[PDB]
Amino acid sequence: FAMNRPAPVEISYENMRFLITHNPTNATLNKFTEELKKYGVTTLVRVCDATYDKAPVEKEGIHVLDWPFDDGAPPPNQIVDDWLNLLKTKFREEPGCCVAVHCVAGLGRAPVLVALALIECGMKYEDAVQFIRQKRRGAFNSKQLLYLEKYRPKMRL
């Protein structure tokens, strides 16, 4: 405990499974995809701009999705609707697969989307943050915590 690594993080819940990841370069692109295969991700959502070629990752058969939105903001309503619809279809395709989200800061807007998923799958807003922050300390800013509080399930997974 109390010491850690520049390293992926996993959140599991029902048969949903999520990975939050570092940025690569092209320099360690081929190693990066091998991490992802190891967690059995079918799907990457880039929520922050990156410069690497995605097509090595896509060649090895992971669906890669470029959905960038503003630094430290809530996701716009399109992106949440997309993201929920994506999760339906991709856990329909394979139960107990993983969906990767990654940014260039692993705290912030990548875990927001995971917390959005967890809330519309069960657990309380209070509870949902706690599971995230246990795994990556200090996880959202106050605007995101606002949005995560003011958020309502349908409950559409």
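Heads up: residue numbers just count along the shown sequence, starting at 1.
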May I ask you to compare 24-32 and 87-95 by their mean CA B factor in the entry and name the higher one?
-> 24-32
Between 51-59 and 104-112, which has the higher average C-alpha B-factor in the PDB entry?
-> 51-59
By the entry's values, the third containing the CA B factor of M16 is the highest
Pull the Cα B-factor of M123 out of the PDB entry and bin it into the chain's lowest, middle or highest third.
-> highest
